[PDB]
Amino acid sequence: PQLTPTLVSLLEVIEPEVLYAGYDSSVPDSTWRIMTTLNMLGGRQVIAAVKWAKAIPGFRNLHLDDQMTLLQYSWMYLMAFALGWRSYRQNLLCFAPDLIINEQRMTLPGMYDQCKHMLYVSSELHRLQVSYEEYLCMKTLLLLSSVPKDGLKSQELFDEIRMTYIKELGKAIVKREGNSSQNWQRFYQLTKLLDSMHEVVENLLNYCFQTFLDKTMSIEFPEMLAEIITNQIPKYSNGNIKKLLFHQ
């Protein structure tokens, strides 16, 4: 067998636990109440993602500012992709076992204009019937999907880690149970989806940001999350972001 542990199997053990939103089914739903409950859970998922990123082989070995810049760039990529996966494995957005955006909730005021981006991720995963190991490798790549225009401090080591996971993904595709004549075609499809995550997140962020800035909405963001959001709004208009593409 393989007493010699593969990278992807390590990605599997460090995968974060499922968190509950503590949402009270007994009080009637409101967009305002969901936005808030989701902000709270979200802040906690981001904290989880830090604990996750650090356990990813190679990541801790990057410069500390590198490590921060990448979580800063990618948190919503990871949130959106992990939700997509959860939802796929479940037609609903399964933010938490006790917070599923069902048909009724989907139709709440101002709700579909965000979830439909999440839904696309879920729908794409499902259409490509993406497997678990492919999902794991792909999520890691999403951590590494964006870098500063001017470059990272450990730009060299980053490139190695990222190429490493591109290969790890290739291995997952091949290892997948199907027909091998589709492998290069599948690798094309999967990175095509990774590529599409940029557009997705840009939308998710434009509606999460303006909601954060809306002085007339009174939605609570936890502190972990408010920091990142404030620190990002500048750069996201300063165009100092190189979004790495598999397909130009």
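In case it trips you up, residue 1 is the first one in the sequence shown, and so on.
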(message) Checking chain continuity here. Are there deposited residues lacking coordinates between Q90 and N91, and if so is it 1 to 3, 4 to 9, or 10 or more (or none)?
(response) 1 to 3
(request) Output the stretch having the higher mean C-alpha B factor in the entry; the candidates are 39-47 and 24-32. (result) 24-32
(request) Between 203-211 and 182-190, point out the one with the higher average CA B-factor as the PDB entry records it. (result) 203-211
(request) Can you pull the Cα B-factors for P148, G84, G110, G170 from the entry and say which is highest? (result) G110
(message) Maximum C-alpha temperature factor per the entry, among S122, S154, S74, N102, belongs to which one?
(response) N102
(request) Sorting the chain's modelled residues by C-alpha B-factor, tell me whether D195 ends up in the lowest, middle or highest third. (result) lowest
(request) Select lowest, middle or highest to describe the third in which the CA B-factor of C94 falls within its chain in this entry. (result) middle
(request) Using the B-factor values recorded in the entry, state whether the Cα atom of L62 falls in the lowest, middle or highest third among the modelled residues of its chain. (result) middle
(request) Select lowest, middle or highest to describe the third in which the CA B-factor of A53 falls within its chain in this entry. (result) lowest
(request) Just say lowest, middle or highest third for the CA B-factor of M106 relative to the other modelled residues in its chain. (result) highest
